[PDB]
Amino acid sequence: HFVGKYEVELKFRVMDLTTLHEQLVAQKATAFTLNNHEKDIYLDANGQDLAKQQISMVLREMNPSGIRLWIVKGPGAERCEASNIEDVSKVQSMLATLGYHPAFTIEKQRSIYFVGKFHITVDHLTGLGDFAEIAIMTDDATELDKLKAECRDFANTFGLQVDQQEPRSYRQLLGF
C-alpha cells in the first residue's frame, strides 16, 4: 500500500464524520491504523533551501502505533518517499550535520483505512477541522494519469464531492 516514489491523491474537508464513517462502511473499508497522534517535525536549511525547491522533509512520530518515518516530499505535490527509522534523534542529528534543522511542527490525529488498492486517510487538526484523502502510491511516473483519474472515480463513488476539495497541504493551510 505504500510502495513507490509518487503518491497520487485527492483531499477533501469533511463536514460530517458520522456520514464519512457510513461512507467507509458502504465501501467495506478495513482499518490500517486508527486514531494516531502524528507529530511532524519539518526540517530545512538556514535559508529555507528545500522550501524554495518545493521540497518538504519531515521526521514523523506516530503514537501509539510507535512508527517513526523519515519523509521527503516534492519537488511539488506528487513526489513522496518515506523510510522507516528506529531512532528519530539519531537521524535528526545526522540531518543537522548536513545543515537541516527543525523549522516548524505540524500535529494531527490520523486514521488510515484501505479499500482495495486505495488508502483513505482521515485527519483532524486543531484549528482547521477534519479532512479525508483518497490516495494510491506508484513507482511509475508513466501511470500518474491513469491513477489520478482512478482516484477521482473512487472519490465520486465514495461520496466525496468537488465542493469540499482542499488542494493545499497542511503546511500551506497553516502558513509554514
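For every residue, the number given is its place in the sequence shown, counted from 1.
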### Task
Name the higher of the two by mean Cα B-factor in the PDB entry, 107 to 115 versus 137 to 145.
137 to 145
#### Entry: Of 26 to 34 and 50 to 58, the stretch whose C-alpha atoms average the higher B-factor in the entry
26 to 34
### Query
Per the entry, which of 41, 125, 67, 122 tops the list for Cα B factor?
67
### Query
What third of its chain, lowest, middle or highest, does the C-alpha temperature factor of residue 176 fall into?
middle
## Note on the structure
Split the chain's modelled residues into thirds by Cα B-factor; residue 96 lands in the lowest
## Note on the structure
residue 85: CA temperature factor from the record, placed by chain third, in the middle
### Query
Is the Cα B-factor recorded for residue 152 in the lowest, middle or highest third of its chain?
middle
### Query
Would the CA B-factor of residue 170 place it in the lowest, middle or highest third of its chain?
lowest
